[PDB]
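Student:
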Amino acid sequence: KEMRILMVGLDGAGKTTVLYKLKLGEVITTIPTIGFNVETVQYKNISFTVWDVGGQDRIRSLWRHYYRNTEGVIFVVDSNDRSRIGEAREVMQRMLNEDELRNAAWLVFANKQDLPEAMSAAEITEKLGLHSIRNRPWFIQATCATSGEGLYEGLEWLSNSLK
Amino acid sequence: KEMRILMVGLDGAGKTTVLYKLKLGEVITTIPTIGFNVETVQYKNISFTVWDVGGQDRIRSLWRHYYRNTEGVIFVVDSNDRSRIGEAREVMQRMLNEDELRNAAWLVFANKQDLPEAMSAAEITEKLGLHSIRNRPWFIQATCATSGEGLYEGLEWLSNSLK
Amino acid sequence: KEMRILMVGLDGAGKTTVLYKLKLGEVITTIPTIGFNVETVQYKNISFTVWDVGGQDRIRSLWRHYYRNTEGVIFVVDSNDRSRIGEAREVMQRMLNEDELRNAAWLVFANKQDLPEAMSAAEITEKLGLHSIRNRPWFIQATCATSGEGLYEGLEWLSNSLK
Amino acid sequence: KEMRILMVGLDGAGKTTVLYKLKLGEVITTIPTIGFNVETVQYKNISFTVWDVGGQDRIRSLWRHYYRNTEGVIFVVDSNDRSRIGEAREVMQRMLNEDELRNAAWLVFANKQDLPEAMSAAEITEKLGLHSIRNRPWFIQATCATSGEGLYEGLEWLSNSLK
Amino acid sequence: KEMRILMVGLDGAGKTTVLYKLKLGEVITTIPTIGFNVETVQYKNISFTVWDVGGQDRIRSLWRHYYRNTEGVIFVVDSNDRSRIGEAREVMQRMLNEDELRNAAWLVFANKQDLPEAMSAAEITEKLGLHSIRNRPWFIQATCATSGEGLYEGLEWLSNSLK
Amino acid sequence: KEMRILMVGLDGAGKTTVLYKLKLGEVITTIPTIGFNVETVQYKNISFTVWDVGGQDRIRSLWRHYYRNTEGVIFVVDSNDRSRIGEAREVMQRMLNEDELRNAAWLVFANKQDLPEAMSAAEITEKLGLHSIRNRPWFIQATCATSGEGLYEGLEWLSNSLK
Amino acid sequence: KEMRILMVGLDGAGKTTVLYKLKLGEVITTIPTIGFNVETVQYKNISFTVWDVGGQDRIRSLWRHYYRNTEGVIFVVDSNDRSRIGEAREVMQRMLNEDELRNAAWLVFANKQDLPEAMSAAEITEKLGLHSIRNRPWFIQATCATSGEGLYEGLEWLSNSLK
Ligand SMILES: Nc1nc2c(ncn2[C@@H]2O[C@H](COP(=O)(O)OP(=O)(O)OP(O)(O)=S)[C@@H](O)[C@H]2O)c(=O)[nH]1
Ligand SMILES: Nc1nc2c(ncn2[C@@H]2O[C@H](COP(=O)(O)OP(=O)(O)OP(O)(O)=S)[C@@H](O)[C@H]2O)c(=O)[nH]1
Ligand SMILES: Nc1nc2c(ncn2[C@@H]2O[C@H](COP(=O)(O)OP(=O)(O)OP(O)(O)=S)[C@@H](O)[C@H]2O)c(=O)[nH]1
Ligand SMILES: Nc1nc2c(ncn2[C@@H]2O[C@H](COP(=O)(O)OP(=O)(O)OP(O)(O)=S)[C@@H](O)[C@H]2O)c(=O)[nH]1
Ligand SMILES: Nc1nc2c(ncn2[C@@H]2O[C@H](COP(=O)(O)OP(=O)(O)OP(O)(O)=S)[C@@H](O)[C@H]2O)c(=O)[nH]1
Ligand SMILES: Nc1nc2c(ncn2[C@@H]2O[C@H](COP(=O)(O)OP(=O)(O)OP(O)(O)=S)[C@@H](O)[C@H]2O)c(=O)[nH]1
Ligand SMILES: Nc1nc2c(ncn2[C@@H]2O[C@H](COP(=O)(O)OP(=O)(O)OP(O)(O)=S)[C@@H](O)[C@H]2O)c(=O)[nH]1
Ligand SMILES: [Mg+2]
Ligand SMILES: [Mg+2]
Ligand SMILES: [Mg+2]
Ligand SMILES: [Mg+2]
Ligand SMILES: [Mg+2]
Ligand SMILES: [Mg+2]
Ligand SMILES: [Mg+2]
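Protein chains in written order, with the authors' numbering: chain A, 16 to 178; chain B, 16 to 178; chain C, 16 to 178; chain D, 16 to 178; chain E, 16 to 178; chain F, 16 to 178; chain G, 16 to 178.
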């Protein structure tokens, strides 16, 4: 009936694009997210309330204001960006150790799969150290926010962890 | 209705893998256990509370904090490691002489039986000097935490020593 | 109205098979009994609560936990196994000297009579030294748990020692 | 209701094996007894408290600490060891002259009768000079601690000298 | 639930950087620590209260004000600085002899491992004389405060010595 | 319930190593013992309080401060050091004639048996003139403090002389 | 718990430097000691109260005011000063004959060992006639107050003569 979500990731990942592809159905032009966007999207008789936030180094320290009462998390990672996959691992291993996100479900959108140099979801699952997760449910999906592929299959998995 | 367990052993044995094969049912990737893990698993209307600890030489001296109120012990030994079977014997003969574990039940998981060079449970029973045990109930089971074999047959024996 | 029973014996005897031939009516496939099974069976307006236990050498030392409040005992002996009839005699003469089983009724299921090499109930009565019993009522019945023969004639005798 | 016993003898006799055949029912592996073992065993509504001690030449001088308040003594002699039957005679004639064991009952376990070269209980009764005993009740029984033969027939005789 | 920590070391080690890498997650620019910094960081449902202090020769004499009620100590040593490893040994052997830190747990951050000329944790364990510690638990971890490596594995070990 | 011990010997013997192998279970690096170390170790429901002291010629004259109220003595002798076995004999024959140690139990740890040139416990028993002891109980055990062999068999013998 | 000490010696030896290396941990600049300095230093749960005095020829006659109630003495000798080793011998042989220092423990700090021309502790032990001491415990340690070497090993020996 209701669910709260927090979309996060590094800069350039695709968070805003994913959100406004789910909410509107169209690919909008984007500006860097200094503040935050919040939007409700309905699916399977469930109303997800997604909070997209900034990924710039200066806003990554303000994500803590949103950890509270968060039932799911969506970590978006740019697959073409193979040089920052270590920074994302640091961020995610730091945010998995926070106690406010202790029960949160973990979903990972490996975005930008339409690009030729994109890296597979298994290569990302290995590079991010996702099998090391033990206190938490987790899942990884390959997406293309510009085409909508894999986006409605993530909200479908998040439904498993309802209530 | 309840029971407390302490899983111990040398490094590389299989303690964490056993615990999260009982708790989750899947084989997780692992990191060395510097601290401790604690997990409750239900079976036969009994809720075992297992404490997995480190086996590095530096943490083997911190096991004493957990001996108290411990009703069962699970000593995991790597069978393929035939060069450290003497060190495990030292550790176990030292920990059998402690007075806090005076009534504790003893179970021995001879793990890594899937490997070709693995050593039989009787060869381990002879090398560990288990028949020398007289103040304590004891039992040895051959396992394969990656496949789950022999794991639910140890919790089954630990039930004999309930209450 | 009620009665408590303890089924015991060596390994391979037929305890589990007897129990789940009385309770279900079918011959189940079996695994070695590491722990214990407990089942209530009704007959002649009496509800027998049978506790089947392991016979492996390592579990024969845990039978003492069950001697208390036990009103009848059922010693199952494999008749085809003519090489272990001395070990069973040792076990039974040891367990007849325990003071918790001081008033318990003794029944002996000489099982596996369907086999050609099976030994008669009188040969077993002589080999087990059953006439030497003087502080206790006793009885010996020839059975075939696979066919149910002689099983309902043992519960019938146990009724004699009700209340 | 209660009784105190002191099991003694030379090294290699079978004291520890006898004790943990009476207490557990199984034949344990053994280490030389440097200190002492103490165990309570129930039989015929009597709780014997047996103290098994070392037989090495260096511990034979520490037996005096246990003579006090001792109501029965069990001298175990290896029958196969026909070369040390004189040393045992010396030890026993010395310990029969002590005034703390003035009323103690004497029992003699001629152990290791399963061996082919074993010597009869009458040959031992002659070699040990047991008929020379006049201030004391005495008895000699032929045993086999590995099989339990003759062990429960000694505790049965010790009951004669209760209270 | 709570724990008090004292981070100390020589000048240039990395104490402030470690503290504000644990607390904020970012590498801050630094000024010499004339006074003291104090910050609470949460991890594993535990709230560590860390006190970072100066290492200049003039402030090393004011550390005594903080020894009291200190449950853990974190000695940070610059590995690249191979010319001052003797001065750190002097400081640490002096501060191990103080009676206010009598029960304190010892952790050693061998920092600046990202530098090519860095010295291994075992070379430091030998140069600092850490095996000579006998009245105290101790542990040594290799770190890189600029990248966060090895920092959350020290707070994990400090949890072993809780309460 | 309690017992007081004094570990003594020449320099290089293994006293400190033995003590902190019993207390911690690990082989620590060592410095010459100028003062004294004191540690309590529990075993068999007994709490031995061991006082390890220096063996340098200058501290051998300060052992007298500890003779009082000493219930056991542990003389450690280096077996590889076959050139100082006469000096140890002098020291031990001098300290056996003191009246404060009149009732003390004597134990001798012939240490460093892992070395190839080590001398047997009987050769040491002959060289030290241990059979000449008549006013005192005594015992000699062969050890290897680095491996723990023979160490828990000495505390086991010291229990014989309790209270 | 408490102990009183008197540090003495010739001029230029290192008394003040030793005292304020023990008390503060730093090497202070110094002025000739016309009067006296007094400082308490804690170590091994003992609070030594050290009195450093002048060594000028005019103050060497005022040391008598401090001999009373003195439990230990620390004679500091400059090793580089090989021309005044006879004057120190005179002073020490005079102060050993005083009856107020009749039970005092003797410690000798052979300081300034960092200098190349320094003389060994055995050469000093021979030149000072220390083996001639018979009514007193004594000890000699080689130091370097500028580096702290050998200073905490003297207070460690002084603990032997506590109470
Ligand atoms: N070619 C391609 N571009 C994508 C894809 N997904 C997202 N993008 C594009 O990549 C750019 C970055 O996406 P954007 O949503 O603006 O970043 P962000 O996640 O919000 O992070 P920021 O707000 O801090 S800059 C955008 O131009 C967006 O259109 C994809 O699947 N393929
Ligand atoms: N091939 C094989 N590997 C096994 C088996 N059981 C456990 N392991 C593997 O052996 C490795 C060590 O197991 P692990 O559980 O991490 O050690 P530990 O007992 O926790 O000890 P540590 O935490 O101090 S490193 C792991 O890679 C694990 O997957 C087995 O039965 N077969
Ligand atoms: N041919 C034949 N097999 C029998 C008979 N009674 C029991 N068994 C068989 O003998 C085997 C052993 O019986 P089982 O009940 O499993 O042993 P147990 O008494 O439980 O002892 P355990 O659990 O310690 S292995 C089984 O395969 C069982 O089916 C019989 O009358 N005839
Ligand atoms: N073959 C055979 N061995 C026996 C018998 N009784 C005891 N033993 C064996 O003889 C050996 C010595 O028995 P043990 O109990 O250990 O000596 P002890 O009486 O305790 O004396 P010790 O402790 O000073 S070494 C053991 O290996 C034991 O198993 C027997 O009846 N037959
Ligand atoms: N290259 C590199 N620099 C590091 C590392 N860890 C810390 N530092 C850097 O070394 C410098 C000293 O660290 P800093 O934290 O300021 O010293 P301090 O421990 O606080 O001691 P002080 O305050 O008395 S000056 C800083 O410029 C810091 O950024 C590292 O792992 N690699
Ligand atoms: N190879 C070997 N070394 C041993 C053994 N037992 C003790 N040692 C080693 O011999 C050395 C001396 O032992 P140590 O305990 O320091 O002397 P001590 O008895 O305390 O006497 P001291 O303090 O006056 S120097 C140490 O390096 C120790 O590790 C052994 O069994 N084998
Ligand atoms: N190079 C070197 N100098 C030392 C050492 N120990 C002490 N000193 C130095 O020698 C000088 C004399 O030491 P000091 O403590 O002032 O003399 P004193 O013992 O107090 O005697 P006084 O007060 O009557 S002048 C000082 O400059 C001191 O720093 C050492 O180990 N090496
Ligand atoms: Mg955005
Ligand atoms: Mg682990
Ligand atoms: Mg069964
Ligand atoms: Mg024995
Ligand atoms: Mg700083
Ligand atoms: Mg020592
Ligand atoms: Mg001065």
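Using N, Cα and C, we set each Cβ at its ideal position, and we do this for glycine too.
Return yes when the C-beta of A/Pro-131 is under 7 Å from any heavy atom of ligand 1, and no when it is not.
Tutor: Residue numbering aside, residue 131 of chain A sits at position 116 when the first sequence is read from its first letter. Every heavy atom of ligand 1 is 7 Å or more from the Cβ of A/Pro-131, so no.
Student: Rounded to whole angstroms, what's the CA-CA distance from F/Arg-109 to F/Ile-148? Just pull it up for me.
Tutor: Taking the sixth sequence and counting its residues from 1, one reaches residue 109 of chain F at position 94. Taking the sixth sequence and counting its residues from 1, one reaches residue 148 of chain F at position 133. Whole-angstrom Cα-Cα distance: 13 Å.
Student: Name the residue from A/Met-18, A/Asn-52 and A/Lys-16 whose alpha carbon lies nearest to the alpha carbon of A/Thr-31.
Tutor: Residue numbering aside, residue 31 of chain A sits at position 16 when the first sequence is read from its first letter. Of the candidates A/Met-18, A/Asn-52 and A/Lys-16, the one whose C-alpha sits nearest the C-alpha of A/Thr-31 is A/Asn-52.
Student: Can you tell me whether B/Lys-178 is buried or exposed? The criterion is at least 16 other CB atoms within 10 Å of its CB, across all chains shown.
Tutor: By one-based count along the second sequence, residue 178 of chain B stands at place 163. Its Cβ having fewer than 16 others within 10 Å, B/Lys-178 is exposed.
Student: Name the chain E residues whose beta carbon is nearer than 8 Å to that of B/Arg-97?
Tutor: Here the question's residue 97 of chain B lines up with position 82 in the second sequence. Per Cβ cutoff of 8 Å: no residues; B/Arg-97 is ~26 Å from chain E at best.
Student: With a threshold of 8 Å between beta-carbons, can F/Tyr-167 be considered close to chain B, or not?
Tutor: As a position in the sixth sequence, residue 167 of chain F is number 152, starting the count at 1. Yes - at least one Cβ of chain B is within 8 Å of the one on F/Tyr-167.
Student: Within a Cβ cutoff of 7 Å, which residues of the same chain sit near A/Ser-174, ignoring the five residues on either side of it in sequence?
Tutor: Here residue 174 of chain A refers to the residue found at position 159 of the first sequence. Result list for A/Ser-174: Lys-59 and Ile-61, in chain order.
Student: For ligand 9, is there any heavy atom lying closer than 7 Å to the beta carbon of B/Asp-72?
Tutor: Your numbering for residue 72 of chain B matches position 57 in the second sequence. For ligand 9, not one heavy atom lies less than 7 Å from the Cβ of B/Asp-72.
Student: Between which residues of its own chain and D/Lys-36 is the CB-CB distance below 7 Å, once the five residues before and five after are set aside?
Tutor: On the fourth sequence, residue 36 of chain D is found 21 positions in, with the first residue counted as 1. Within the same chain, D/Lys-36 has close Cβ partners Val-42, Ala-160, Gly-163 and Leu-166.
Student: Does the distance from the CB of D/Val-88 to the CB of D/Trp-66 come in under 8 Å?
Tutor: Reading the fourth sequence from its first residue, position 73 is the one you call residue 88 of chain D. Reading the fourth sequence from its first residue, position 51 is the one you call residue 66 of chain D. Taking 8 Å as the Cβ cut-off, D/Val-88 and D/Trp-66 do not qualify as a contacting pair.
Student: Taking the alpha-carbon positions, what's the E/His-80 to E/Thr-55 distance?
Tutor: Working through the fifth sequence from its first residue, we reach residue 80 of chain E at position 65. Working through the fifth sequence from its first residue, we reach residue 55 of chain E at position 40. Near 19 Å, if we compare the C-alpha coordinates of E/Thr-55 and E/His-80.
Student: May I ask which residues mark the beginning and end of the alpha helix (DSSP H) holding B/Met-22?
Tutor: Stepping through the second sequence from its first residue, residue 22 of chain B is reached at position 7. No alpha helix (DSSP H) contains B/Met-22, which is instead part of the beta strand (DSSP E) from 18-24.
Student: If the criterion is Cβ atoms closer than 8 Å, does the pair G/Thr-85 and G/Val-68 meet it?
Tutor: Walking along the seventh sequence from the start, residue 85 of chain G turns up at place 70. Walking along the seventh sequence from the start, residue 68 of chain G turns up at place 53. Going by C-beta atoms, G/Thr-85 is not nearer than 8 Å to G/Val-68.
Student: Taking 8 Å as the CB-CB limit, is B/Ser-174 close to chain C?
Tutor: Sequence index remark: in the second sequence, residue 174 of chain B carries index 159 (1-based). Chain C, which has a Cβ nearer than 8 Å to the Cβ of B/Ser-174, makes this yes.
Student: If I follow the unbroken alpha helix (DSSP H) through G/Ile-61, where does it start and stop?
Tutor: Here residue 61 of chain G is taken as the residue at index 46 of the seventh sequence, counted from 1. Taken as a continuous stretch (DSSP letters only), G/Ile-61 belongs to no alpha helix (DSSP H), being part of the beta strand (DSSP E) at 61-68.
Student: Just curious, the beta strand (DSSP E) that residue 179 of chain F is in, first and last residue?
Tutor: The shown model of chain F, from 16 to 178, leaves out residue 179 of chain F, and the question about it has no answer.
Student: Distance check for B/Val-23 and B/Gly-29, CA to CA, integer angstroms please.
Tutor: Looking up residue 29 of chain B in the second sequence gives position 14. Looking up residue 23 of chain B in the second sequence gives position 8. Using only the alpha carbons, I get a separation of about 9 Å.
Student: Name the chain C residues whose beta carbon is nearer than 9 Å to that of D/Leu-39?
Tutor: For the purposes of this step, residue 39 of chain D is identified with residue 24 of the fourth sequence, where counting begins at 1. Going along chain C in sequence order, the residues near D/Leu-39 (Cβ under 9 Å) are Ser-76.
Student: Among the residues of its own chain, which have a CB less than 7 Å from the CB of residue 182 of chain G, if the five just before and after it don't count?
Tutor: Within the shown structure, residues of chain G are numbered from 16 to 178, placing residue 182 of chain G beyond reach of any answer.
Student: By DSSP's criteria, D/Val-123 is part of a beta bridge. Which residues make up the other side?
Tutor: The residue given as residue 123 of chain D occupies position 108 in the fourth sequence. D/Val-123 pairs with D/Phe-90 and D/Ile-155.
Student: Could you check where the alpha helix (DSSP H) with E/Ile-100 kicks off and where it finishes?
Tutor: Within the fifth sequence, residue 100 of chain E is the residue found at index 85, counting from 1. It spans 100-110 - the alpha helix (DSSP H) in which E/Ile-100 sits, taken as one unbroken run.
Student: Give the secondary structure of C/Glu-113 by DSSP, where H, G and I count as helix, E and B as strand, and everything else as coil.
Tutor: Along the third sequence, read from residue 1 onward, the residue named residue 113 of chain C stands at position 98. Here C/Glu-113 sits in coil by DSSP.
Student: My understanding is that G/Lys-127 touches G/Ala-133, with C-beta atoms under 8 Å, so please give their C-beta distance in whole angstroms.
Tutor: On the seventh sequence, residue 127 of chain G is found 112 positions in, with the first residue counted as 1. On the seventh sequence, residue 133 of chain G is found 118 positions in, with the first residue counted as 1. The pair is a contact, with the Cβ atoms about 6 Å apart (cut-off 8 Å).
Student: Applying a beta-carbon distance threshold of less than 7 Å, which residues of chain B neighbour F/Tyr-58?
Tutor: By one-based count along the sixth sequence, residue 58 of chain F stands at place 43. In chain order: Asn-112.
Student: Could one say the Cβ of E/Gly-163 lies closer than 8 Å to chain A's Cβ atoms, at least one of them?
Tutor: Numbered from 1 along the fifth sequence, position 148 holds the residue referred to as residue 163 of chain E. Yes, E/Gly-163 counts as interfacial toward chain A.
Student: Which class does A/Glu-171 belong to by DSSP, given the choice of helix, strand or coil?
Tutor: To locate residue 171 of chain A, count along the first sequence from 1; it is residue 156. Here A/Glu-171 sits in helix by DSSP.
Student: Quick check: what's the CA-CA separation for F/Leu-130 versus B/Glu-168?
Tutor: Within the sixth sequence, numbered from 1, the residue matching residue 130 of chain F stands at position 115. Within the second sequence, numbered from 1, the residue matching residue 168 of chain B stands at position 153. Using only the alpha carbons, I get a separation of about 45 Å.
Student: Within this structure, are the beta carbons of C/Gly-70 and C/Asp-26 separated by less than 8 Å?
Tutor: Stepping through the third sequence from its first residue, residue 70 of chain C is reached at position 55. Stepping through the third sequence from its first residue, residue 26 of chain C is reached at position 11. In contact: C/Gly-70 and C/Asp-26 (Cβ atoms closer than 8 Å).
Student: Taking C-beta pairs closer than 7 Å, name the residues in chain E that B/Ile-49 reaches, listed in chain order.
Tutor: Taking the second sequence and counting its residues from 1, one reaches residue 49 of chain B at position 34. Simply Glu-168, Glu-171 and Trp-172.
Student: Determine the extent of the alpha helix (DSSP H) in which C/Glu-141 is found, giving its start and end residues.
Tutor: Counted from its first residue, the third sequence places residue 141 of chain C at position 126. It spans 136-142 - the alpha helix (DSSP H) in which C/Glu-141 sits, taken as one unbroken run.
Student: Are the CB atoms of D/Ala-157 and D/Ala-125 nearer to each other than 8 Å?
Tutor: Position 142 of the fourth sequence, counting from 1, holds the residue named residue 157 of chain D. Position 110 of the fourth sequence, counting from 1, holds the residue named residue 125 of chain D. Result yes, Cβ atoms of D/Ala-157 and D/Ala-125 sit closer than 8 Å.
Student: Using a Cβ cut-off of 7 Å, pull out every chain C residue sitting near B/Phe-90, in sequence order please.
Tutor: Counting from one through the second sequence, the residue named residue 90 of chain B turns up at place 75. What B/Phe-90 touches in chain C: nothing, since even the nearest Cβ is about 16 Å away.
Student: Would you say the beta carbon of B/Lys-127 is closer than 7 Å to some non-hydrogen atom of ligand 9?
Tutor: Here residue 127 of chain B refers to the residue found at position 112 when the second sequence is read from its first residue. B/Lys-127: no, Cβ never under 7 Å from ligand 9.
Student: Under the DSSP definition of a beta bridge, which residues are partnered with A/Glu-41?
Tutor: As a working mapping, residue 41 of chain A is identified with position 26 in the first sequence. None; A/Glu-41 has no bridge partner.
Student: Using a Cβ-Cβ cut-off of 8 Å, state whether F/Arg-117 counts as contacting chain G.
Tutor: Here residue 117 of chain F refers to the residue found at position 102 of the sixth sequence. It does not; no Cβ of chain G falls within 8 Å.
Student: So the alpha helix (DSSP H) A/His-80 belongs to, where does it begin and stop?
Tutor: Mapped onto the first sequence, residue 80 of chain A falls at position 65. It spans 79-82 - the alpha helix (DSSP H) in which A/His-80 sits, taken as one unbroken run.
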